[PDB]
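>>> My sequence and its experimental structure, below.
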Amino acid sequence: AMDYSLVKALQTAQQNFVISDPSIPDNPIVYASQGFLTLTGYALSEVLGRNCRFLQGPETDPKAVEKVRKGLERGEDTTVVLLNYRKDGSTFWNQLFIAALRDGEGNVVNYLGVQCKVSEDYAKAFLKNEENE
Ligand SMILES: Cc1cc2nc3c(=O)[nH]c(=O)nc-3n(C[C@H](O)[C@H](O)[C@H](O)COP(=O)(O)O)c2cc1C
């Protein structure tokens, strides 16, 4: 990974994460941790140069996808819970944490996304609580 100290910190905990490069059209993945590859069932060669939206499918809530899109557009750290699909078509609940990695002038150089698999019970409680705003 472009070796930011926070990326090295996530590697020591064997977290699931990807790094995107917004200078490339459609803000594709340029790095994916072994944890992300094992969670999703994809080989690194199948993920590099693609936008992470390939994990979405028919049971994914498009309103959770829209929260991510608007968060990035507004330059905000974003946390959502949404249903994602593995390569084999099995589904899981993904608590997704996205941050901009910025230079000294505040320009976004990369996005960092951490995926945490959560239970259906946890996802329902998170989404119910989100809806009380
Ligand atoms: C670093 C990064 C990691 C992401 N990881 C995921 C993910 O694991 N699952 C997912 O459904 N979307 C993920 N996304 C969201 C999509 O890439 C995309 O931003 C989202 O679908 C909204 O844009 P769209 O309306 O063009 O689809 C991630 C985005 C970024 C920038």
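Right, received. Where do you want to start? Numbers count the residues shown, from 1 in each chain.
>>> Name the nearest residue to residue 71, sequence neighbours excluded.
Of all residues not flanking residue 71 in the chain, residue 78 sits nearest, at 3.3 Å (CB to CB, 6 or more residues apart in numbering). From N, CA and C alone the C-beta is placed, and that goes for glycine too.
>>> So in terms of bridging, what pairs with that neighbour?
Here residue 78 sits in beta bridges with residue 98, going by DSSP bridges.
>>> Kindly indicate whether the residue of the chain found nearest the ligand is helix, strand or coil.
As assessed by CB to the nearest ligand atom, the ligand sits closest to residue 113 within the chain, at 2.5 Å. Under DSSP: H, G, I helix; E, B strand; the rest coil, the three-state class of residue 113 is strand.
>>> wait, doesn't residue 79 sit right on residue 95?
Yes: Residue 79 is within contact range of residue 95, at 7.1 Å (criterion: CB atoms under 8 Å).
>>> so what's the residue of the chain closest to the ligand up against?
Residue 113 makes contact with 17-20, 52, 96-98, according to CB atoms under 8 Å, 6 or more residues apart in numbering.
>>> same deal with residue 78?
If you count contacts by CB under 8 Å, 6+ apart, residue 78 has them with 67-68, 71-72, 96-98.
>>> and if you look at residue 126?
By CB under 8 Å, 6+ apart, the neighbours of residue 126 are 81, 95, 118.
>>> Filter those down to the buried ones.
Neighbour-count burial (16 or more other CB atoms under 10 Å) applied to those gives 81, 95.
>>> would a markdown table of the contacts of residue 126 with secondary structure and distance to the ligand be doable?
Shown next, in a markdown table, are the contacts of residue 126 (DSSP: H, G, I helix; E, B strand; the rest coil; distance: CB to the nearest ligand atom, whole Å):
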| residue | secondary structure | distance to the ligand |
| --- | --- | --- |
| 81 | strand | 11 |
| 95 | strand | 10 |
| 118 | strand | 13 |
